[PDB]
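Residue numbers (my numbering), protein chains in the order written: chain A, 1 to 193; chain B, 1001 to 1055; chain C, 2001 to 2156; chain D, 3001 to 3393; chain E, 4001 to 4068; chain F, 5001 to 5110; chain G, 6001 to 6147; chain H, 7001 to 7206.
Beneath this line is the structure, given in structure tokens, with notes to follow.
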Amino acid sequence: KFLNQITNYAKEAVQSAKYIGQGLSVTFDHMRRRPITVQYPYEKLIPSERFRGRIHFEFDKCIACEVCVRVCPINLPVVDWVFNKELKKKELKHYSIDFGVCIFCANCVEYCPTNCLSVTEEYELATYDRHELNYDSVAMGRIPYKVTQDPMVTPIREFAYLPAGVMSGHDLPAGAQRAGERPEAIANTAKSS
Amino acid sequence: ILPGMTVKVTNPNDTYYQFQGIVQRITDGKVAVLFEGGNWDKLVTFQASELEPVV
Amino acid sequence: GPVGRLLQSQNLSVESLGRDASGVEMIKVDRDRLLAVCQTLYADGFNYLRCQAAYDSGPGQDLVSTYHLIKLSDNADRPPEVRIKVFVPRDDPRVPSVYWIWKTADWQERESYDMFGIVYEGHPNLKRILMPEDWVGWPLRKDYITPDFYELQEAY
Amino acid sequence: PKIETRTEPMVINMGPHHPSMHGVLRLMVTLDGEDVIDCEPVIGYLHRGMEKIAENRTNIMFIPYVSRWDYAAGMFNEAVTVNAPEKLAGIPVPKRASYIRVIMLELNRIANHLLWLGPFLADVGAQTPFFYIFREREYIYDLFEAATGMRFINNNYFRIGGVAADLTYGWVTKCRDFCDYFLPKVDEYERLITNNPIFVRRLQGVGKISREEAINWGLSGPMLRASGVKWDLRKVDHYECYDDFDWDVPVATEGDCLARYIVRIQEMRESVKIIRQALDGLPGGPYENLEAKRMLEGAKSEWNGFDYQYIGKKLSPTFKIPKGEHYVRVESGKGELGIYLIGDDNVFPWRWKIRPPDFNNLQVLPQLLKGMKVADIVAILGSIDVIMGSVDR
Amino acid sequence: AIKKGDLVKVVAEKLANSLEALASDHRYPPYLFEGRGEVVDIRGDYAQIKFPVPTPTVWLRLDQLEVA
Amino acid sequence: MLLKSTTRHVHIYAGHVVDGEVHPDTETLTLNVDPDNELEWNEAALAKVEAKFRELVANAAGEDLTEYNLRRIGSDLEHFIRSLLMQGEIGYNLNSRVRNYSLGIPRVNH
Amino acid sequence: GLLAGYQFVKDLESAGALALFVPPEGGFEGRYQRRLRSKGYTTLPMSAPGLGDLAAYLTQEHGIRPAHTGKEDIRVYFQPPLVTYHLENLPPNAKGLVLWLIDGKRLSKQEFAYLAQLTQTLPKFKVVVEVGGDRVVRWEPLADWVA
Amino acid sequence: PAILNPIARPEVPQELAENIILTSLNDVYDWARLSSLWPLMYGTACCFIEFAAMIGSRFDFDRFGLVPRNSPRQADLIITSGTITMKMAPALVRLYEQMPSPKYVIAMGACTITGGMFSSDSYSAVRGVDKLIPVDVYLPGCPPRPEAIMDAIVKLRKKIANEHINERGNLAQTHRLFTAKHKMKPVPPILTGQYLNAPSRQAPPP
Ligand SMILES: CCCCCCCCCCCCCCCC(=O)OC[C@H](CO[C@@H]1O[C@H](CS(=O)(=O)O)[C@@H](O)[C@H](O)[C@H]1O)OC(=O)CCCCCCCCCCCCCCC
Ligand code: SF4
Ligand code: SF4
Ligand code: SF4
């Protein structure tokens, strides 16, 4: 009637003390592990092989069929053709993409028939003036950044390009490969017995 | 190493190791290789030394 | 239909629109006897709605109020899951609220009123959830003229 | 300069600026001395008009848009958007694509539950687990970013006839690594937490719906399965490649915040079983092995067959969805998604409507705040997993 | 007459009397009266108009338009 | 409570600013053109804007005081401001502030 | 050396086109722009990755084509030269107009040489280009650093 | 009509200072201010999550001193993350004006710089926040990688380090305010309490 209440109170208080001591030990243990922080400005994280960055445009390959304008979610790419009258050839006068309105879904890059349009790994776009985000046909090629070729950045692979069993990519040797073998290697092994 | 050629990547310290692509543009000594694969054609810039003009 | 004949014996008639590429059969209940059909269905093990919202059947023709039903047995296989429809005329009219029979008609009917204008007779708290309450227009109708607001003009 | 106390029910505005992850919700709530008399939730601060857009975009033009209704997991709604015209056209999806779709949906469910779990534990405790989920939620971001282009939402990895592309090369092994590294921690959570008596009495009996009232109020999500209903759209609808995997649909019986937490944790634990069971059984295995077999003999062999392709026939952006409406569904993280497509004859649908699970689980916010306390408001808010992106339609 | 993307313009008054413009507001925006109204579809009697402002298209009827 | 239509370089309220406060009134409809000084103003242009505001609040108003109608007035005032800036009556500030051309870039009128 | 005089402005007036090497945290070069602005020079930064030929954008005119998104068929704007228009709008007692380029790494050696040459002609016009790099804010003439 | 949308062409050129002591003190005034930006905990939609990923352990903006603040009175930086509908535009301007004067804005994601994927066929989304508040930095992209938000922070720090204590005049608000009586029938507010105690919730009408 009154002793059961007190024994329940004790079994609750000692349990609450142990379940705070355990958490205290866990937190004091957590400060021995190496921080997973990817210290961005000097430890930029190298993107994947399918990362959809800034669009790249090869003015010479464009044939002005406007499929980029047609599969765009917002019909963004401005294509200005004139249709010269030599025999039938369309002529491109100005190709542009307002990257301020852009969605980076890369439908345009998926349906370019002439491989004229591609994705890059430039995620570092930022300006003081959004009117400077409208890229001319010339400001689009510009030979992308390539984080690896930067003298003040130690690139860090992400989880999908680390060898088997490896979880973090900070303390990594200089000879790691992605996870397994490529198809050509497996076929070459199967070729010999 | 000229544009239009099909090249492979020979640098064990790169995520695009042993990938094969086509040279889209070369300026200032560095190249730009387009890997047509997966779904979206990727384009990344390599040094003139981290390639090999595969036949 | 297996449900169209189920309420046939209950001495009330409804049309039959058939199946809809999913096995579900569609019946067109009239606007005035909606509550009776919904009641006789809720008595016949139809206790779960899953969808209520309207749709404009044409740019000037009339609106609709499509309901959806299902038996919802525990640890069940593919259940019957009938649906009904209610064709309300365009200009004036409106349909009754099934909130009292089964709920989930509190907000779904509220959103249908906010997007299409369909009033729901006997519905509690008929306001506009989306589309700020001082709005006017029923913006999801096939012919809605959006105001010439400055923050919708462009990013010039 | 003061507030002139007076004996009335006090109305407080937990307005749109929520300094949390619970979207933008206004929640004008009145209270009589640390109680709740009734609250009027004011939703709509994120209505961007997805339903009117969907009527003017073709399918492949609309598929990037869908990753926004219920941000998180931005592949459940992609799955339902792909399934909607796919069912009308009757386009057959191969089995390999179905397995990849299952794996992606399960990883998305895990990520959804992690995003719900972080701020939930924060609102009923400390802010450190918010720094632990985002250490564990990034290992799935970095798998998505390999498979599809981006991280979570804006993947647009799904396609009508299958999946945009095959996985990367060293992907199955690395997903196995993540599963083996993560499965112990769903239990490490219930070790470090879920046993503090102060923490379990906090959500012991606060928030409650009877089994017969959850059916009436249409609480499709785990909010249903926490009220004693063994019913999820993966086993009742026979979603594409299920019955091929073991099934323990988790259900509680009381119907409270604690029940919701337990069901969500057991479901996050079952998702790892589903993933590990599918990975060992892809129609073709890891992609490097499949590519090797195809370049060794698959010029004409069975490895180049329809059942082993990541996609069916690639469709033009002018797919022209057929005539006839129907209602499609997927058991998302927060419950049932529903798209009531109609379509008449052309690329643009007719009344593409979205039925979001959170929009219906949120209907009983007032009923669940029928005089509980003023402090357990945020716990009941977090027990529902509100995402305002799915409260725009 | 009205067909294939001809630039149309609602006249002034055949619109706000036909009991099919009770959807929108009583006031009307000034972009209805400019000769920029490219038609995108014709469902026999009604026509979908684009109205070059970034707001959804409008389903009016050929009675409420002129070729401008 | 206040009822307002606040956008960039237009701020319509429903009260009277006595010394810096607002004090909702239900008939004052104050106006605060360009607080952040995105543009540079003149004495004639501000008078034109005030006249437009008056003829917009007075000549066309018998309707409710919902925030919808306040936004509807503010939108017309801002279209008028943009027209003034297009014709050249006013211009951007060019000062050392943020300088993002919110109403459009300078063009050459070809 | 933790506090700088005015050698930066003298070096800019001498060379004409500098090439900063700011640290990749971006809070330690703004003071040099403030030093420039306090002398009389007016700055305008425009984030180099996003300009066109650099001759049509800076010297000549160029037709900017805004983002039509299904509506508002293609229209051009012809914004005036980004330099000749800002040399006219200088304050009354203005010593010149220096052009700041934030992400100079994206440009090419040809464009760098062009920007260097453009400083000699067009008198009241200097150039600073934040080519990324060193862990201290060091500069170097832009005629150098190339070839 | 010579040049549309012209520029100011001002007078009274700069009245700036030059002595080494005051510019050296300005150095500290601008260093203390840019290396301790406190963002407002303000998210609306998808992008907020990436902002939260920028808070997490994988890479935290705790270094270079960013501590997220809840009330706008202590915040000096608002990273607008998410689409701003017309229902919530005045709820942002408020939070921006209700916040001390040396303050900054970053428009992240495409939905706050141009309107984004909703710049077409949307009747409620504000087409860019640059038409509500004076944005300082724009970073494009549906959800931008959280090491692009940090790139925006870099580009904002190097803009803050530019300010001049002898130039804080371009920081107040001019307040060119007017007044005009109206006749517009004030209506009662339709947004109060009374959700479950409403009489229409307790019994169906006859
Ligand atoms: C009860 C009593 C209590 C009273 C309270 C006490 C109040 C104390 C107030 C004073 C606190 C000021 C601390 C300043 C610390 C600091 O600056 O950060 C160090 C940083 C670190 O970057 C540095 O910069 C260098 C790189 S670089 O060249 O700048 O790029 C390099 O050195 C490296 O980055 C780093 O070292 O230095 C800077 O970045 C540049 C800022 C320049 C600072 C100005 C120098 C200080 C002068 C003082 C004014 C004297 C006036 C006379 C001079 C002629
Ligand atoms: S890049 Fe491709 S889609 Fe774009 S205009 Fe050229 S051919 Fe057409
Ligand atoms: S990235 Fe998206 S919005 Fe941009 S051009 Fe490609 S498809 Fe269009
Ligand atoms: S900016 Fe992009 S990611 Fe962010 S809310 Fe808008 S659409 Fe979503």
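Idealized CB from N, CA, C, for every residue including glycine.
So, helix, strand or coil for residue i, using DSSP?
i	result
A:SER96	strand
G:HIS6086	helix
H:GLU7015	coil
H:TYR7029	helix
B:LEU1051	strand
D:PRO3286	coil
G:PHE6008	helix
A:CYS72	coil
A:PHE104	coil
H:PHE7061	coil
H:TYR7104	strand
What residues in its chain sit with their C-beta under 6 Å from that of residue i, if we drop five residues either side in the sequence?
i	result
H:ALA7148	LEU7139
A:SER193	none
A:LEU162	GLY169
Determine which residues share a DSSP beta bridge with residue i and list them.
i	result
B:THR1045	B:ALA1032
C:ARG2128	Bridge partners of C:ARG2128: none, in fact.
D:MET3010	D:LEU3031
F:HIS5011	F:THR5006
D:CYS3039	D:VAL3029
A:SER118	A:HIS56
Considering only heavy atoms of ligand 2, does any lie closer than 6 Å to the CB of residue i?
i	result
F:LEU5085	no
A:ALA64	yes
A:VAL79	yes
Just checking residue i against ligand 4 - is the residue's beta carbon closer than 6 Å to any of the ligand's heavy atoms?
i	result
H:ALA7045	yes
H:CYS7142	yes
H:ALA7148	no
D:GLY3049	no
Below 6 Å, is the gap between the Cβ of residue i and the nearest heavy atom of ligand 1?
i	result
H:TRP7031	yes
G:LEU6003	yes
G:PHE6028	yes
H:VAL7154	no
H:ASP7027	yes
G:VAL6136	yes
Excluding the 5 residues preceding and the 5 following residue i in the sequence, name in chain order all residues of the same chain whose CB lies nearer than 7 Å to its CB.
i	result
D:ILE3160	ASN3059, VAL3082, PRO3085, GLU3086, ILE3091, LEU3315, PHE3319
E:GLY4035	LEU4007, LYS4009, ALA4068
Suppose the cutoff is 8 Å on Cβ atoms and the five residues either side in sequence are ignored; what does the same chain contact list for residue i look like?
i	result
D:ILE3037	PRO3009, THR3030, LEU3031, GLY3371
H:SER7122	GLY7115
E:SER4018	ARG4061, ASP4063, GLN4064
Measure from the C-beta of residue i to each C-beta in chain I and report whether the shortest distance is under 7 Å.
i	result
H:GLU7018	The structure shown contains no chain I; its protein chains are A, B, C, D, E, F, G and H.
Which whole-angstrom value is the C-beta distance of residue i and residue j, which I expect to be below 8 Å?
i	j	result
H:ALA7075	H:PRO7134	The pair is not a contact, with the Cβ atoms about 16 Å apart (cut-off 8 Å).
D:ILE3053	D:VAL3391	D:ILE3053 to D:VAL3391, Cβ: 17 Å. No contact.
C:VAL2003	C:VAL2082	4 Å
A:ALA160	D:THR3168	7 Å
D:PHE3076	D:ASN3108	6 Å
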